[PDB]
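**Q** Below: one structure in structure tokens.
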2 protein chains.
Amino acid sequence: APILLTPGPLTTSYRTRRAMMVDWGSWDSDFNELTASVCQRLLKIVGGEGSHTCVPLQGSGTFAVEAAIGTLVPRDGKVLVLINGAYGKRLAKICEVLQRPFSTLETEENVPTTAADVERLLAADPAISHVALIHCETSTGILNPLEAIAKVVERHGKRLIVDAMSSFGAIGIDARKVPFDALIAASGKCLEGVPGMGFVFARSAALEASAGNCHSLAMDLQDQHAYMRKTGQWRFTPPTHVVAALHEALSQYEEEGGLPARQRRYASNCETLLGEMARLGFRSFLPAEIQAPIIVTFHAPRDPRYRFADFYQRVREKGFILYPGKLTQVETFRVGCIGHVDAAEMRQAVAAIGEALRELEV
Amino acid sequence: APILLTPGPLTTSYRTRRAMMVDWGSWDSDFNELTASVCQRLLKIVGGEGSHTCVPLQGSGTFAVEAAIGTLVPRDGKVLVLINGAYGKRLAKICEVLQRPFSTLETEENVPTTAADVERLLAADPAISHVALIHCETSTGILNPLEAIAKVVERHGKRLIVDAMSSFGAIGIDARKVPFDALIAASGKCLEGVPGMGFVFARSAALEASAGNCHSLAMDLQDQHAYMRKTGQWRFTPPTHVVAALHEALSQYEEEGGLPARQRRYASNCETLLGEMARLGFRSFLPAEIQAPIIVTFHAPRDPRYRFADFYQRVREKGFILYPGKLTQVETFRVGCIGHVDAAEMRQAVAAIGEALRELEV
């Protein structure tokens with residue numbers, strides 16, 4: 001099994017995988033307990049103990065992003081979508097599919113979404129009800145300044161929907177300090193669970209009033225929450241093994257020292273990565289002042305010999321799975337620095353990368 | 001870990017769980033291969049090699065049922081929903097939420113949906129475009145006669161959407177003999193995978209023409225299929241470990257002798273169950289002539305001492321998790337006979353049941 005240097009699904013600890021060796025009953029109180037501990041550990045992290053509720057959902061994070069747009073953004077609401085990358089585009093496609101009146105702020109891939117340009121467009125038309133953005137655009141690993149953007153959004157009585165899939169668990173987000181109606185994350189990223197379940201931190205009072213709003217049965221967070229309030233059970237088949245794994249990964253996250261411990265490791269991995277790759281002659285697409293310690297985009301070698309598909313295949317053989325580029329304009333590739341990986345796996349990865357290239361991109 | 005005598009999530013083999021000990025890359029060709037083998041093994045079973053395509057989906061089977069109603073049933077289409085149980089009700093809620101013009105045939109819980117009453121209502125109004133039903137209502141384990149109903153539906157140029165979640169893998173369904181536009185199943189039932197992914201066998205030509213129809217991004221089987229045609233990849237995060245488990249469970253299903261081998265075991269489990277429970281003084285809710293070998297509903301003991309929650313708890317301690325009743329009118333409970341369980345675990349379960357009751361329901 002190669003190490004996965006991707007934005008998830010990623011390399012998980014074996015504790016994490018062990019947890020899946022157990023079959024649970026979805027009706028069973030033990031599983032009801034498991035579910036509740038997961039929700040409360042999650043709600044603990046985001047700092048939403050008083051004001052929000054953690055609604056878990058089957059499927060990927062996109063499922064839960066849609067679920068949140070669907071259940072919280074009303075029929076008569078306009079959303080500003082910030083779109084500085086691929087995740088941002090998905091937000092646009094989701095509002096459209098839900099035919100939700102919406103408006104787009106595309107700010108190109110190499111530069112952050114600014115509080116400033118969010119300010120002007122908001123001032124224009126009080127029509128807009130909601131603002132939606134991605135915290136970390138994994139397409140390039142740009143970190144958007146959410147705290148600056150949240151404050152600017154709140155200052156205008158508009159409401160924030162934050163996609164924190166790639167960043168939740170690793171970049172500090174505190175609910176009482178970053179006002180939002182919805183933060184969405186998933187199981188298989190910075191928390192280091194396996195993939196297969198999403199969750200939404202929704203404001204208690206927004207969700208309670210959202211009864212009937214959702215365009216979807218399966219993705220109705222109000223119906224989901226209400227039923228789970230009542231019975232402690234999921235409406236529909238839960239992915240039991242995924243929830244257990246996430247519970248166990250949450251155990252490890254707490255043991256290791258929480259967000260700061262997870263952030264320190266990733267920041268360290270991010271450095272070793274940039275450090276070693278620079279020493280190979282690689283340029284990062286982003287300079288350090290904007291670079292999230294989640295995933296690094298690197299300019300492809302100019303060498304007319306360079307083939308990503310080749311380069312990927314040789315590095316796999318040496319025990320490391322990298323990630324393709326996602327930019328239309330300049331050829332690149334990506335290396336994650338997250339999951340159950342330390343500074344020393346990073347340098348072995350770069351050393352492998354170097355070896356792969358010497359057969360024969362120069 | 002107790003044995004799960006439920007309709008799933010259920011007791012899985014350990015081969016199945018072992019498969020999850022591996023992290024896969026969603027972009028990785030190995031995982032692309034894994035995904036394709038799963039789809040083709042699935043498409044093989046339902047007999048849809050020539051006419052249908054297996055679209056896999058994240059989340060539970062309900063997610064894929066919605067996905068199929070959403071992507072295949074047009075804006076200008078009326079659906080007849082057959083509703084002889086809880087699964088049937090969900091179908092009604094889904095068409096409503098999708099605001100799909102629809103109509104209901106409720107036939108009570110103890111008697112099958114008949115080809116005859118489907119015939120009349122169809123003749124009434126050619127408005128109806130689609131018919132939807134559950135093959136096995138797990139609420140009672142009634143088997144609906146789908147072959148009789150399919151033929152009656154086809155005979156009227158209407159189109160069938162079949163929820164086969166509880167029955168697929170164990171009751172014979174052949175595509176060239178049972179005309180349908182969509183059969184939906186999931187990973188965590190009669191196939192004995194773990195839960196966490198759905199799939200839809202959609203008619204090749206219906207799905208190809210469904211471009212844009214879906215009410216959902218996440219649940220758009222056309223967009224999902226098209227993208228997977230192109231890249232061999234899932235649009236969004238796949239639950240890699242779930243797909244691997246299902247692959248491995250599909251391996252075992254093929255080794256053991258396919259549908260007939262799976263059916264023989266379950267029919268045998270079903271007998272031992274009925275056999276032993278009768279010998280305790282239990283009455284099944286259904287007589288043998290209608291009873292699917294999936295799950296058995298049993299009349300609760302009349303004894304004013306009887307408490308399901310108590311009865312459940314003691315049987316758990318003895319290594320068996322049963323299932324609550326789901327009927328509004330008469331008190332019952334349910335015992336599954338599916339998953340990785342043989343005739344001899346069935347009799348140990350009944351013997352435990354007997355023991356649990358002797359402390360002190362009489």
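By convention in this document, the chains of the structure tokens carry letters A, B, ... by their order, each chain's residues are numbered from 1, and ligands are numbered from 1 in the order they are shown.
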Can you work out which residues from chain A touch chain B at a cut-off of 9 Å (counting only C-alpha atoms) and hand them back as a tab-separated table (two decimals) with N, CA and C atoms, in the first residue's frame?
**A**
chain	number	residue	atom	x	y	z
A	1	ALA	N	0.86	-1.21	0.00
A	1	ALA	CA	0.00	0.00	0.00
A	1	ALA	C	0.88	1.24	0.00
A	2	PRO	N	0.92	2.02	-1.10
A	2	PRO	CA	1.66	3.28	-1.12
A	2	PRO	C	1.08	4.26	-0.11
A	3	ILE	N	1.92	5.20	0.35
A	3	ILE	CA	1.42	6.36	1.07
A	3	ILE	C	0.70	7.28	0.08
A	4	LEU	N	-0.48	7.75	0.49
A	4	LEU	CA	-1.32	8.66	-0.27
A	4	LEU	C	-1.01	10.12	0.09
A	6	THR	N	-2.29	12.92	-1.10
A	6	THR	CA	-3.44	13.49	-1.77
A	6	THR	C	-4.24	14.29	-0.75
A	8	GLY	N	-7.01	13.56	0.41
A	8	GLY	CA	-7.98	12.60	0.90
A	8	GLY	C	-8.84	12.13	-0.26
A	9	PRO	N	-9.27	10.84	-0.28
A	9	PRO	CA	-8.91	9.86	0.76
A	9	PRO	C	-7.40	9.69	0.90
A	10	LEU	N	-6.94	9.45	2.14
A	10	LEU	CA	-5.53	9.58	2.46
A	10	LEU	C	-5.03	8.38	3.27
A	11	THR	N	-3.77	8.45	3.71
A	11	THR	CA	-3.22	7.40	4.54
A	11	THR	C	-3.80	7.54	5.94
A	12	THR	N	-4.47	6.49	6.42
A	12	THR	CA	-5.05	6.49	7.75
A	12	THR	C	-4.15	5.65	8.66
A	14	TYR	N	-3.58	2.71	11.54
A	14	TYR	CA	-4.15	1.37	11.52
A	14	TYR	C	-5.13	1.18	12.67
A	17	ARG	N	-8.36	1.97	10.94
A	17	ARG	CA	-8.84	0.86	10.13
A	17	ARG	C	-9.31	-0.30	11.01
A	18	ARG	N	-8.63	-0.52	12.15
A	18	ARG	CA	-8.96	-1.58	13.10
A	18	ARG	C	-10.40	-1.42	13.53
A	20	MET	N	-12.90	-0.58	12.14
A	20	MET	CA	-13.88	-1.09	11.20
A	20	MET	C	-14.05	-2.60	11.29
A	21	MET	N	-13.21	-3.30	12.08
A	21	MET	CA	-13.33	-4.75	12.17
A	21	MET	C	-14.59	-5.19	12.92
A	22	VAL	N	-15.45	-4.25	13.32
A	22	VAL	CA	-16.65	-4.54	14.11
A	22	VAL	C	-17.91	-4.20	13.31
A	23	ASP	N	-18.88	-5.13	13.30
A	23	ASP	CA	-20.21	-4.89	12.79
A	23	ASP	C	-21.06	-4.31	13.92
A	24	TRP	N	-21.78	-3.22	13.62
A	24	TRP	CA	-22.69	-2.55	14.54
A	24	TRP	C	-24.12	-2.68	14.02
A	25	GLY	N	-25.07	-2.67	14.95
A	25	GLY	CA	-26.47	-2.54	14.57
A	25	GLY	C	-26.91	-1.08	14.59
A	26	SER	N	-27.46	-0.61	13.45
A	26	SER	CA	-27.93	0.76	13.32
A	26	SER	C	-29.03	1.08	14.34
A	27	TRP	N	-29.85	0.09	14.70
A	27	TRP	CA	-30.86	0.33	15.72
A	27	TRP	C	-30.26	0.24	17.13
A	28	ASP	N	-29.03	-0.29	17.24
A	28	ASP	CA	-28.49	-0.67	18.54
A	28	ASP	C	-27.98	0.54	19.31
A	57	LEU	N	-24.13	13.17	8.07
A	57	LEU	CA	-24.77	12.75	6.84
A	57	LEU	C	-23.91	11.71	6.13
A	58	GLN	N	-24.59	10.72	5.54
A	58	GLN	CA	-24.01	9.75	4.63
A	58	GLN	C	-23.41	10.44	3.40
A	59	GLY	N	-22.37	9.81	2.85
A	59	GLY	CA	-21.74	10.21	1.60
A	59	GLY	C	-20.60	11.20	1.79
A	60	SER	N	-20.15	11.78	0.68
A	60	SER	CA	-19.01	12.70	0.70
A	60	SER	C	-19.39	14.07	1.28
A	61	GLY	N	-18.40	14.98	1.32
A	61	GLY	CA	-18.64	16.31	1.86
A	61	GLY	C	-19.52	17.15	0.93
A	62	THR	N	-19.41	16.91	-0.38
A	62	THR	CA	-20.22	17.59	-1.36
A	62	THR	C	-21.70	17.35	-1.08
A	63	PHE	N	-22.04	16.11	-0.66
A	63	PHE	CA	-23.38	15.71	-0.27
A	63	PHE	C	-23.84	16.62	0.87
A	66	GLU	N	-24.22	20.44	-0.42
A	66	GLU	CA	-25.55	20.48	-1.00
A	66	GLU	C	-26.62	20.43	0.09
A	90	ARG	N	-18.08	24.08	-7.80
A	90	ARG	CA	-19.10	23.12	-7.39
A	90	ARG	C	-20.24	23.83	-6.67
A	93	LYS	N	-22.55	25.24	-9.17
A	93	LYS	CA	-23.33	24.22	-9.84
A	93	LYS	C	-24.47	23.76	-8.92
A	94	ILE	N	-24.26	23.85	-7.59
A	94	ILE	CA	-25.19	23.32	-6.60
A	94	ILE	C	-26.36	24.27	-6.43
A	97	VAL	N	-28.40	23.98	-9.67
A	97	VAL	CA	-29.18	22.75	-9.72
A	97	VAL	C	-30.37	22.85	-8.76
A	98	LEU	N	-30.16	23.51	-7.62
A	98	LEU	CA	-31.23	23.65	-6.64
A	98	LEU	C	-32.13	24.81	-7.06
A	99	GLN	N	-31.86	25.35	-8.26
A	99	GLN	CA	-32.30	26.66	-8.73
A	99	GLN	C	-32.49	27.60	-7.55
A	188	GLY	N	-12.84	12.00	5.94
A	188	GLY	CA	-11.67	11.38	5.34
A	188	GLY	C	-10.55	12.36	5.02
A	194	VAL	N	-11.70	7.50	7.73
A	194	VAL	CA	-11.87	7.01	6.38
A	194	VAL	C	-12.96	7.85	5.74
A	195	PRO	N	-13.08	7.90	4.39
A	195	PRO	CA	-14.16	8.68	3.77
A	195	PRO	C	-15.47	7.90	3.87
A	196	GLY	N	-16.60	8.61	3.76
A	196	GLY	CA	-17.90	7.98	3.74
A	196	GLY	C	-18.96	8.68	4.60
A	197	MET	N	-18.60	9.75	5.30
A	197	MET	CA	-19.66	10.50	5.95
A	197	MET	C	-19.31	11.98	6.00
A	212	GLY	N	-38.74	21.94	6.19
A	212	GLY	CA	-39.47	21.80	4.95
A	212	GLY	C	-38.73	22.39	3.75
A	214	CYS	N	-35.62	21.90	2.56
A	214	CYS	CA	-34.67	21.12	1.78
A	214	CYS	C	-35.35	20.61	0.51
A	215	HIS	N	-34.59	20.63	-0.59
A	215	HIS	CA	-34.98	20.13	-1.91
A	215	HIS	C	-34.92	18.61	-1.98
A	216	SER	N	-34.46	17.97	-0.90
A	216	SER	CA	-34.05	16.58	-0.91
A	216	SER	C	-34.61	15.90	0.33
A	217	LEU	N	-35.00	14.63	0.18
A	217	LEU	CA	-35.29	13.83	1.36
A	217	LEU	C	-33.98	13.43	2.02
A	218	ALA	N	-33.10	12.78	1.25
A	218	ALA	CA	-31.91	12.14	1.79
A	218	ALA	C	-31.00	13.18	2.43
A	219	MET	N	-31.02	14.41	1.89
A	219	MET	CA	-30.09	15.44	2.32
A	219	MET	C	-30.77	16.53	3.15
A	236	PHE	N	-31.89	6.82	7.80
A	236	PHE	CA	-31.60	5.81	6.81
A	236	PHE	C	-30.32	5.08	7.20
A	237	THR	N	-30.01	4.03	6.44
A	237	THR	CA	-28.82	3.25	6.71
A	237	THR	C	-27.61	4.15	6.96
A	238	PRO	N	-27.01	4.07	8.17
A	238	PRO	CA	-25.75	4.73	8.46
A	238	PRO	C	-24.59	3.84	8.00
A	239	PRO	N	-23.43	4.41	7.61
A	239	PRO	CA	-22.25	3.59	7.33
A	239	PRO	C	-21.51	3.35	8.65
A	240	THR	N	-22.01	2.38	9.41
A	240	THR	CA	-21.55	2.08	10.76
A	240	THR	C	-20.02	2.06	10.88
A	241	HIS	N	-19.33	1.29	10.02
A	241	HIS	CA	-17.88	1.12	10.07
A	241	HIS	C	-17.17	2.46	9.86
A	242	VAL	N	-17.78	3.35	9.06
A	242	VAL	CA	-17.19	4.66	8.80
A	242	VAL	C	-17.26	5.51	10.06
A	321	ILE	N	1.76	7.91	-3.59
A	321	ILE	CA	0.78	8.29	-4.58
A	321	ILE	C	0.60	9.80	-4.51
A	323	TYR	N	-0.64	13.57	-6.71
A	323	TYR	CA	-1.93	14.04	-7.20
A	323	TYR	C	-1.76	14.86	-8.47
A	324	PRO	N	-2.64	14.72	-9.48
A	324	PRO	CA	-2.52	15.48	-10.73
A	324	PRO	C	-2.76	16.97	-10.52
**Q** Just want the 12 Å neighbourhood of stretch 151-159 of chain B, counted on only C-alpha atoms, with same-chain residues fewer than 5 positions away dropped. Output as a PyMOL selection string.
**A** chain B and resi 69+72-74+77-81+114-133+145-146+175-183+202-203+206
**Q** For residue A:281, work out the shell of residues within 12 Å, counting only C-alpha atoms and skipping chain neighbours fewer than 5 positions away, then give it as an MDAnalysis selection string.
**A** chainID A and resid 274:276 298:302 350 353:354 357 362
**Q** Could you name the residues that touch stretch 282-293 of chain B at 10 Å or less, counting only C-alpha atoms, but leaving out those on the same chain fewer than 3 positions away, as a PyMOL selection string?
**A** chain B and resi 109-112+135-138+140-145+167+170-171+263-271+273-279+296-301+330+332-334+336-338
**Q** As a ChimeraX atom specification, please: every residue in stretch 2-115 of chain A that DSSP puts in strand (DSSP E).
**A** /A:3-4,52-58,78-83,102-106
**Q** Quick one: everything within 9 Å of residue A:92, counting only C-alpha atoms, minus sequence neighbours fewer than 6 positions away in the same chain. Send it as a ChimeraX atom specification.
**A** /A:81-83,102-104
**Q** Go ahead and write the selection's residues with N, CA and C atoms as a short mmCIF file (atom, residue, chain, number, x, y, z; two decimals), in the first residue's frame.
**A**
data_model
loop_
_atom_site.label_atom_id
_atom_site.label_comp_id
_atom_site.auth_asym_id
_atom_site.auth_seq_id
_atom_site.Cartn_x
_atom_site.Cartn_y
_atom_site.Cartn_z
N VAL A 81 -21.59 33.35 -4.20
CA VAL A 81 -20.60 32.28 -4.20
C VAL A 81 -19.24 32.86 -4.57
N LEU A 82 -18.27 32.68 -3.67
CA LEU A 82 -16.87 32.95 -3.94
C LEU A 82 -16.25 31.74 -4.63
N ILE A 83 -15.53 31.96 -5.74
CA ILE A 83 -15.12 30.86 -6.61
C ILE A 83 -13.70 31.07 -7.14
N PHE A 102 -28.65 33.11 -7.16
CA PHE A 102 -27.28 33.19 -6.67
C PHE A 102 -26.44 34.09 -7.57
N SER A 103 -25.26 34.45 -7.06
CA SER A 103 -24.33 35.35 -7.71
C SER A 103 -22.89 34.97 -7.35
N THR A 104 -21.98 35.19 -8.31
CA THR A 104 -20.65 34.60 -8.33
C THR A 104 -19.58 35.68 -8.23
#
**Q** Extract the full set of alpha helix (DSSP H) residues from stretch 44-275 of chain A according to DSSP on the backbone, and format it as a PDB file with C-alpha atoms, in the first residue's frame.
**A**
ATOM      1  CA  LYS A  44     -16.427  20.363  20.419  1.00  0.00           C
ATOM      2  CA  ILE A  45     -13.732  21.027  17.812  1.00  0.00           C
ATOM      3  CA  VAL A  46     -15.528  23.804  15.863  1.00  0.00           C
ATOM      4  CA  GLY A  61     -18.636  16.306   1.856  1.00  0.00           C
ATOM      5  CA  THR A  62     -20.224  17.591  -1.361  1.00  0.00           C
ATOM      6  CA  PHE A  63     -23.379  15.715  -0.273  1.00  0.00           C
ATOM      7  CA  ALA A  64     -23.325  17.692   2.970  1.00  0.00           C
ATOM      8  CA  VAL A  65     -22.505  20.964   1.214  1.00  0.00           C
ATOM      9  CA  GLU A  66     -25.550  20.478  -1.002  1.00  0.00           C
ATOM     10  CA  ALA A  67     -27.452  19.375   2.102  1.00  0.00           C
ATOM     11  CA  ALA A  68     -26.604  22.675   3.798  1.00  0.00           C
ATOM     12  CA  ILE A  69     -27.367  24.879   0.770  1.00  0.00           C
ATOM     13  CA  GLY A  70     -30.591  22.893   0.424  1.00  0.00           C
ATOM     14  CA  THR A  71     -31.874  23.053   3.983  1.00  0.00           C
ATOM     15  CA  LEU A  72     -30.690  26.449   5.208  1.00  0.00           C
ATOM     16  CA  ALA A  86     -12.674  23.902  -8.374  1.00  0.00           C
ATOM     17  CA  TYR A  87     -14.485  23.529  -5.043  1.00  0.00           C
ATOM     18  CA  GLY A  88     -15.853  27.049  -5.559  1.00  0.00           C
ATOM     19  CA  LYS A  89     -17.229  26.055  -8.976  1.00  0.00           C
ATOM     20  CA  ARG A  90     -19.100  23.121  -7.387  1.00  0.00           C
ATOM     21  CA  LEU A  91     -20.855  25.615  -5.102  1.00  0.00           C
ATOM     22  CA  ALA A  92     -22.074  27.417  -8.220  1.00  0.00           C
ATOM     23  CA  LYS A  93     -23.332  24.220  -9.836  1.00  0.00           C
ATOM     24  CA  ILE A  94     -25.186  23.318  -6.602  1.00  0.00           C
ATOM     25  CA  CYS A  95     -27.093  26.585  -6.224  1.00  0.00           C
ATOM     26  CA  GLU A  96     -27.978  26.365  -9.913  1.00  0.00           C
ATOM     27  CA  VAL A  97     -29.181  22.749  -9.717  1.00  0.00           C
ATOM     28  CA  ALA A 115     -12.921  40.751   2.476  1.00  0.00           C
ATOM     29  CA  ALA A 116     -12.778  43.939   0.396  1.00  0.00           C
ATOM     30  CA  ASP A 117     -14.449  42.709  -2.793  1.00  0.00           C
ATOM     31  CA  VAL A 118     -16.999  40.801  -0.705  1.00  0.00           C
ATOM     32  CA  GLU A 119     -17.810  44.132   0.924  1.00  0.00           C
ATOM     33  CA  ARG A 120     -18.652  46.031  -2.274  1.00  0.00           C
ATOM     34  CA  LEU A 121     -20.914  43.432  -3.886  1.00  0.00           C
ATOM     35  CA  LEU A 122     -22.780  43.018  -0.606  1.00  0.00           C
ATOM     36  CA  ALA A 123     -23.390  46.780  -0.309  1.00  0.00           C
ATOM     37  CA  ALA A 124     -24.805  46.738  -3.864  1.00  0.00           C
ATOM     38  CA  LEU A 146     -12.335  33.178   6.557  1.00  0.00           C
ATOM     39  CA  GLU A 147     -12.205  35.154   9.807  1.00  0.00           C
ATOM     40  CA  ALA A 148     -11.803  38.414   7.872  1.00  0.00           C
ATOM     41  CA  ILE A 149     -14.598  37.344   5.507  1.00  0.00           C
ATOM     42  CA  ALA A 150     -16.944  36.140   8.270  1.00  0.00           C
ATOM     43  CA  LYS A 151     -16.765  39.456  10.131  1.00  0.00           C
ATOM     44  CA  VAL A 152     -17.454  41.392   6.916  1.00  0.00           C
ATOM     45  CA  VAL A 153     -20.441  39.152   6.156  1.00  0.00           C
ATOM     46  CA  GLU A 154     -21.894  39.388   9.694  1.00  0.00           C
ATOM     47  CA  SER A 204     -29.326  25.666  16.234  1.00  0.00           C
ATOM     48  CA  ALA A 205     -31.992  28.298  15.485  1.00  0.00           C
ATOM     49  CA  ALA A 206     -31.495  28.431  11.693  1.00  0.00           C
ATOM     50  CA  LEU A 207     -31.857  24.635  11.331  1.00  0.00           C
ATOM     51  CA  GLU A 208     -34.904  24.525  13.659  1.00  0.00           C
ATOM     52  CA  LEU A 221     -30.598  18.183   7.687  1.00  0.00           C
ATOM     53  CA  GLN A 222     -33.683  19.423   9.508  1.00  0.00           C
ATOM     54  CA  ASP A 223     -35.555  16.152   9.039  1.00  0.00           C
ATOM     55  CA  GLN A 224     -32.303  14.337   9.854  1.00  0.00           C
ATOM     56  CA  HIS A 225     -31.724  16.388  12.991  1.00  0.00           C
ATOM     57  CA  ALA A 226     -35.348  16.180  14.197  1.00  0.00           C
ATOM     58  CA  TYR A 227     -35.441  12.405  13.820  1.00  0.00           C
ATOM     59  CA  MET A 228     -32.078  12.043  15.546  1.00  0.00           C
ATOM     60  CA  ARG A 229     -33.271  14.292  18.361  1.00  0.00           C
ATOM     61  CA  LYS A 230     -36.252  11.986  18.821  1.00  0.00           C
ATOM     62  CA  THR A 231     -34.795   8.496  18.436  1.00  0.00           C
ATOM     63  CA  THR A 240     -21.551   2.078  10.757  1.00  0.00           C
ATOM     64  CA  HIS A 241     -17.879   1.115  10.069  1.00  0.00           C
ATOM     65  CA  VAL A 242     -17.187   4.655   8.800  1.00  0.00           C
ATOM     66  CA  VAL A 243     -18.619   6.199  11.975  1.00  0.00           C
ATOM     67  CA  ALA A 244     -16.555   3.818  14.156  1.00  0.00           C
ATOM     68  CA  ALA A 245     -13.350   4.641  12.223  1.00  0.00           C
ATOM     69  CA  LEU A 246     -14.071   8.358  12.591  1.00  0.00           C
ATOM     70  CA  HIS A 247     -14.694   7.816  16.289  1.00  0.00           C
ATOM     71  CA  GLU A 248     -11.314   6.079  16.630  1.00  0.00           C
ATOM     72  CA  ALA A 249      -9.595   8.733  14.502  1.00  0.00           C
ATOM     73  CA  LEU A 250     -11.217  11.327  16.768  1.00  0.00           C
ATOM     74  CA  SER A 251      -9.780   9.415  19.720  1.00  0.00           C
ATOM     75  CA  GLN A 252      -6.276   9.684  18.264  1.00  0.00           C
ATOM     76  CA  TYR A 253      -6.713  13.359  17.395  1.00  0.00           C
ATOM     77  CA  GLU A 254      -7.597  14.098  21.036  1.00  0.00           C
ATOM     78  CA  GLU A 255      -4.688  11.959  22.400  1.00  0.00           C
ATOM     79  CA  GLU A 256      -2.125  13.575  20.084  1.00  0.00           C
ATOM     80  CA  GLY A 258      -6.068  18.271  19.280  1.00  0.00           C
ATOM     81  CA  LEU A 259      -6.050  20.988  16.595  1.00  0.00           C
ATOM     82  CA  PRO A 260      -2.657  22.566  17.580  1.00  0.00           C
ATOM     83  CA  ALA A 261      -0.935  19.158  17.608  1.00  0.00           C
ATOM     84  CA  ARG A 262      -2.462  18.295  14.203  1.00  0.00           C
ATOM     85  CA  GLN A 263      -1.560  21.767  12.875  1.00  0.00           C
ATOM     86  CA  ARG A 264       2.047  21.539  14.078  1.00  0.00           C
ATOM     87  CA  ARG A 265       2.651  18.196  12.338  1.00  0.00           C
ATOM     88  CA  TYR A 266       1.096  19.401   9.058  1.00  0.00           C
ATOM     89  CA  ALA A 267       2.966  22.739   9.114  1.00  0.00           C
ATOM     90  CA  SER A 268       6.102  20.713   9.692  1.00  0.00           C
ATOM     91  CA  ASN A 269       5.277  18.308   6.815  1.00  0.00           C
ATOM     92  CA  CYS A 270       4.497  21.295   4.652  1.00  0.00           C
ATOM     93  CA  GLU A 271       7.942  22.777   5.350  1.00  0.00           C
ATOM     94  CA  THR A 272       9.921  19.589   4.702  1.00  0.00           C
ATOM     95  CA  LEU A 273       7.954  19.261   1.447  1.00  0.00           C
ATOM     96  CA  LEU A 274       8.676  22.818   0.228  1.00  0.00           C
ATOM     97  CA  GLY A 275      12.222  22.480   1.607  1.00  0.00           C
TER      98      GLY A 275
END
